[PDB]
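The structure appears right after this line, and notes come after that.
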Amino acid sequence: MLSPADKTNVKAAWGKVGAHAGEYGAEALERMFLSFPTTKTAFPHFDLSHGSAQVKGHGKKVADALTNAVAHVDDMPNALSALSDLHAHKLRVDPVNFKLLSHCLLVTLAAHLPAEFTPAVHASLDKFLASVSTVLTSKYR
Amino acid sequence: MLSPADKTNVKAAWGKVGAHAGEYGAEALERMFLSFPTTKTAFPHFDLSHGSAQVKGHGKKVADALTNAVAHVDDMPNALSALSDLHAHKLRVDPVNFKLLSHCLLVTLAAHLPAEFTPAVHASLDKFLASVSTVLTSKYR
Amino acid sequence: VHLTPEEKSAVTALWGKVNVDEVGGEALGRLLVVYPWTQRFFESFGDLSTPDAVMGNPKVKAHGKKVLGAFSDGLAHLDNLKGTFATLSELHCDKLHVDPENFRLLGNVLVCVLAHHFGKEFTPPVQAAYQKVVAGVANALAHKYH
Amino acid sequence: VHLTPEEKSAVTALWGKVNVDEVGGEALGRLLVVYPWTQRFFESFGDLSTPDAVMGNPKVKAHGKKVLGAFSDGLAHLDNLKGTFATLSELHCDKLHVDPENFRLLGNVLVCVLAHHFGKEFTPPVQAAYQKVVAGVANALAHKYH
Ligand code: HEM
Ligand code: HEM
Ligand code: HEM
Ligand code: HEM
């Protein structure tokens, strides 16, 4: 459960991201594929090489979705309803993978936000990404 | 989310358990400790040998709680309030152990309920036990 | 995998009573039922929309026999699972694109199915030994992923 | 753990610039703040109820130097982590009763502290090399659990 402090913290950190949101999404994906190679099994159609437009493209879509979640942080389940249906019934990615991409997003943020990534903010962002994950996997069975 | 079918299946399976609830709880712990030895680090004050009084007593408490949860399936966060509090703020067992004990409870139920442990019912129990774990760890942070 | 000679014997003695054909279909079928997202790899098999459809599907039953027959061979070589499953590991990574978490889930479903089949004979120590086996097989099947 | 030669160079190069004391204390404090249940092992350290309290506790800072100093010594023995950490593994199991999952969570926290501190120099390949190292250290600390 996010507390108001958590929400505050996420809105601030994500705001400093701004227009780079898509760029970070892409770097997180690339970090995930190199660090946790089993995650490539979920993108067998993608060119996964460094600089891949497919990767950059998909990174932008992930980032835009997170941007929407932060805006609708009090009502994420209806806000992400199309995504959660799509993940549960079409994509069917294994749920452990969500934890991996989340760790990688956190690493990406930390590498870009020296000043804003304090322990408190790190804790809120971890809870935030865990809630998103939980929403995205809520309709799997 | 538990469907009405899930709730019916769980209620039927647990009813069959009936008066053996405590015996099954102790068995599940013993299965857990021998299959997943890291779980013993949560019980350093216990005598863990086969048939110990502490394991038998703890298995009955565990089982009683699950029985209460079944009876309050539509109202579990409230029914398990004291237990969520206790685990989150005093015991603090890592969340990963709840799936280990959940597996062991399912194995135990399988070993005791030949006619009832159909695929549909297996699915319902697994969902139910994941829901209970979710509630028990819901106040960890 | 490190099992004791008393664990190895307990494993082999039970397995001799297993009809791998029956058990294989049941294990694969339950996997698809309990954990619906695994159905993604089996679209070519036809209808898997309900439990009855899955458990009745002849391709699921046939596939389960292959998987468990391959598991059964692996029990003869507990000391070198890596070697026995090397080709299969590469196949599951490079051709089938199967997330190795699925091997773990299948392992756990198999244990439930054995417990169901054998009842009180599937004692805590016997279960402990099969948990080591199934983890060993999953790690061996994941070893060539890259 | 097997690291390729460029991985070993990357790992050693970044580490030569790390101040263990400081990094140690941050990694352990962030652990205690992000995953508060890990606070159970350190009741004797004092009040750990707010981030500020945790990050400025001298007993957290000290233990964090101890932990990362041992980790440091392991970097020098990447080809035999199991041996190097066997006595510590036994201690953590038999005396401290620490669940090995905690070693995994500390490793990931450490990765985020390295990224925070080194910025763009903590590249995706460098991260990947450190992820192998932290998993290998966690597996070594967990190996003697029984
Ligand atoms: C932070 C959590 C995640 C969010 C917010 C997210 C969001 C999205 C979005 C917005 C799309 C595009 C849907 C569309 O284009 O209409 C998508 C698709 C997809 N996602 Fe997720 N995703 C997440 C995690 C994951 C993870 C963990 C995986 C597995 C590793 C995954 C695998 C996929 C795949 C394979 C697609 C389809 C890509 C394509 O073919 O273009 N996603 N996701
Ligand atoms: C099925 C989910 C679980 C339920 C329903 C459950 C329920 C309970 C109950 C009823 C108690 C006794 C509380 C009292 O003193 O009144 C308890 C205590 C405890 N639980 Fe949980 N528990 C669950 C899972 C776990 C897990 C996975 C662990 C860690 C492996 C764990 C560790 C403990 C410990 C160490 C105690 C204290 C025992 C003592 O000191 O006497 N529990 N639990
Ligand atoms: C004990 C673990 C497993 C073993 C030993 C195993 C073994 C096998 C074998 C022997 C084949 C046939 C290879 C060939 O000659 O083409 C196969 C194919 C296959 N396996 Fe695995 N398997 C395991 C688990 C899994 C699971 C968990 C999944 C997915 C959830 C999976 C998905 C597949 C698929 C999709 C095929 C191809 C089927 C086709 O021809 O359409 N396997 N496996
Ligand atoms: C990188 C992994 C870790 C390493 C290398 C490590 C290393 C050490 C060392 C060298 C000691 C001193 C042992 C002695 O007195 O002889 C120690 C003690 C201890 N560690 Fe670990 N540690 C690790 C992770 C953890 C974490 C994750 C936890 C729990 C969150 C933990 C809990 C403790 C505790 C409670 C002590 C005893 C403290 C005391 O007596 O003041 N350790 N560790």
Side-chain angles (χ1 to χ4, degrees), chain B residues 25 28-29 32 36 39-46 54 57-58 61-66 68-69 80 82-83 86-87 90-91 93-102 105 129 132-133 136, chain C residues 27-28 31-32 35 38-42 44-45 59 63 66-71 73-74 85 87-88 91-92 95-107 110 134 137-138 141, chain D residues 27-28 31-32 35 38-42 44-45 59 62-63 66-74 85 87-88 91-92 95-107 109-110 134 137-138 140-141:
Chain B
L29 300 165
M32 184 182 67
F36 304 112
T39 62
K40 296 189 305 191
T41 57
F43 299 86
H45 45 315
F46 269 38
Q54 286 179 289
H58 187 50
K61 301 197 186 112
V62 171
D64 286 356
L66 285 173
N68 190 48
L80 295 175
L83 289 177
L86 181 68
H87 289 77
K90 209 228 106 163
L91 296 177
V93 171
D94 197 89
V96 300
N97 295 299
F98 290 86
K99 67 176 198 312
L100 298 175
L101 174 59
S102 295
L105 282 161
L129 294 166
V132 161
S133 301
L136 291 180
Chain C
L28 190 60
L31 171 76
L32 293 170
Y35 308 101
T38 57
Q39 284 166 15
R40 78 197 302 275
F41 304 105
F42 306 95
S44 93
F45 278 26
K59 284 141 130 188
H63 188 40
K66 207 129 79 161
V67 162
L68 216 59
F71 180 84
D73 292 331
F85 289 115
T87 302
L88 283 179
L91 179 67
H92 282 76
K95 305 254 173 284
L96 308 174
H97 300 314
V98 175
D99 188 349
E101 176 69 13
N102 295 296
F103 307 138
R104 279 129 221 196
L105 295 176
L106 173 58
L110 181 56
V134 312
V137 169
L141 276 172
Chain D
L28 189 65
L31 178 67
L32 260 30
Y35 312 102
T38 58
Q39 291 169 22
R40 68 193 313 267
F41 296 106
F42 303 103
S44 67
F45 286 16
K59 288 179 172 292
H63 189 48
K66 209 186 305 176
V67 165
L68 227 62
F71 180 92
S72 199
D73 286 346
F85 289 110
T87 285
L88 286 177
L91 181 81
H92 279 80
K95 307 318 133 215
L96 306 172
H97 314 293
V98 172
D99 187 304
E101 178 66 19
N102 289 300
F103 307 138
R104 297 174 233 287
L105 292 170
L106 183 61
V109 163
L110 178 54
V134 305
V137 168
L141 278 170

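Each ligand, and each atom within it, is numbered from 1 in the order the structure gives. Proteins come first, then strands; the chains are lettered A, B, ... in the order of their sequence lines, and each starts at number 1. Quick note: numbers below take in every heavy atom, side chains included, and nothing from hydrogens, waters or symmetry partners.
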Practice item. Not counting sequence neighbours, which residues clear side-chain hydrogen bond (donor to acceptor under 3.5 Å, both in side chains) with B:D64? List them please. Key: none

Check your understanding: Quick one: are D:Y35 and D:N102 in side-chain contact, heavy atoms under 4.5 Å?
Key -> no

Exercise for review: Just go through C:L106, C:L105, C:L31, C:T87 and tell me whose heavy atom is the nearest to atom 1 (C) of ligand 3.
Suggested key: C:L106

Practice item. Return a yes/no value: protein heavy atom under 4.0 Å from atom 43 (N) of ligand 3? Key: yes

Study note, to complete from the structure: Looking only at protein heavy atoms, what sits closest to atom 25 (C) of ligand 2 is B:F98 CE2, 4.0 Å

Practice item. Output yes when a protein non-hydrogen atom is found under 4.0 Å of atom 20 (N) of ligand 3, and no otherwise. Key: yes

Review point. Backbone N or O of C:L88 within a donor-acceptor pair of the C:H92 side chain at under 3.5 Å?
Key: yes

Practice item. Give a yes/no verdict on whether any heavy atom in B:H45 is under 4.0 Å from an atom of ligand 2. Key: yes

Review point. Closer than 2.8 Å to atom 21 (Fe) of ligand 2, how many protein N/O/S atoms do you count?
Key: 1

Point to revise | For atom 27 (C) of ligand 4, the protein heavy atom that lies nearest, with its residue and separation | key: D:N102 O, 3.5 Å

Review point. Can you tell me how far the CZ atom of C:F42 sits from the NE2 atom of C:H63, to the nearest 0.5 Å?
Key: 4.5 Å

Review point. Is any side-chain heavy atom of D:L141 less than 4.5 Å from a side-chain heavy atom of D:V98?
Key: no

Revision key, fill the gap. Smallest heavy-atom separation, D:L106 atom then D:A27 atom, equals CD1-O, 3.9 Å

Point to revise | Non-hydrogen protein atom less than 4.0 angstrom from atom 15 (O) of ligand 4 | key: no

**Study point:** For ligand 2, the portion of B:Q54 having any non-hydrogen atom under 4.0 Å away
**Key:** neither

Practice item. Determine whether D:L68 and D:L28 make a side-chain contact, defined as any pair of heavy atoms from C-beta on separated by less than 4.5 Å. Key: no

Check your understanding: For the residue pair D:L96 and D:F41, what are the closest heavy atoms and their distance?
Key -> O-CE2, 4.1 Å

Check your understanding: With distance as the sole test, does B:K99 use its side chain to make a donor-acceptor pair with the main-chain N or O of B:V96 at under 3.5 Å?
Key -> yes

Check your understanding: Any idea which protein heavy atom is nearest atom 12 (C) of ligand 2, and the distance to it?
Key -> B:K61 CD, 4.0 Å

Practice item. May I ask you to identify the nearest protein heavy atom to atom 35 (C) of ligand 2, giving residue, atom name and distance to one decimal place in Å? Key: B:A42 O, 3.4 Å

Review point. Please state which protein non-hydrogen atom is closest to atom 17 (C) of ligand 2 and give its distance, to 0.1 Å?
Key: B:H58 CE1, 3.5 Å

Point to revise | If only protein N, O or S atoms under 2.8 Å count, total around atom 21 (Fe) of ligand 4 | key: 1

Review point. Is there a donor-acceptor contact under 3.5 Å from the side chain of B:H87 to the main chain of B:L83?
Key: yes

Check your understanding: Counting only heavy atoms, which portion of D:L68 has something under 4.0 Å from ligand 4: side chain, backbone, both, or neither?
Key -> neither

Point to revise | Atoms of ligand 2, numbered as shown, that sit under 4.0 Å from any heavy atom of B:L101 | key: 1 (C), 24 (C)

Revision key, fill the gap. The side-chain hydrogen bond (donor to acceptor under 3.5 Å, both in side chains) partners of B:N97 (sequence neighbours excluded) come to D:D99

Review point. Taking 4.0 angstrom as the limit, do D:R104 and D:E101 come out as a salt bridge?
Key: yes

Practice item. Would you verify that at least one protein heavy atom lies under 4.0 Å from atom 39 (C) of ligand 3, or report that none does? Key: no

Study note, to complete from the structure: Judged by heavy atoms only, the candidate from B:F43, B:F36, B:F46 nearest atom 41 (O) of ligand 2 is B:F46

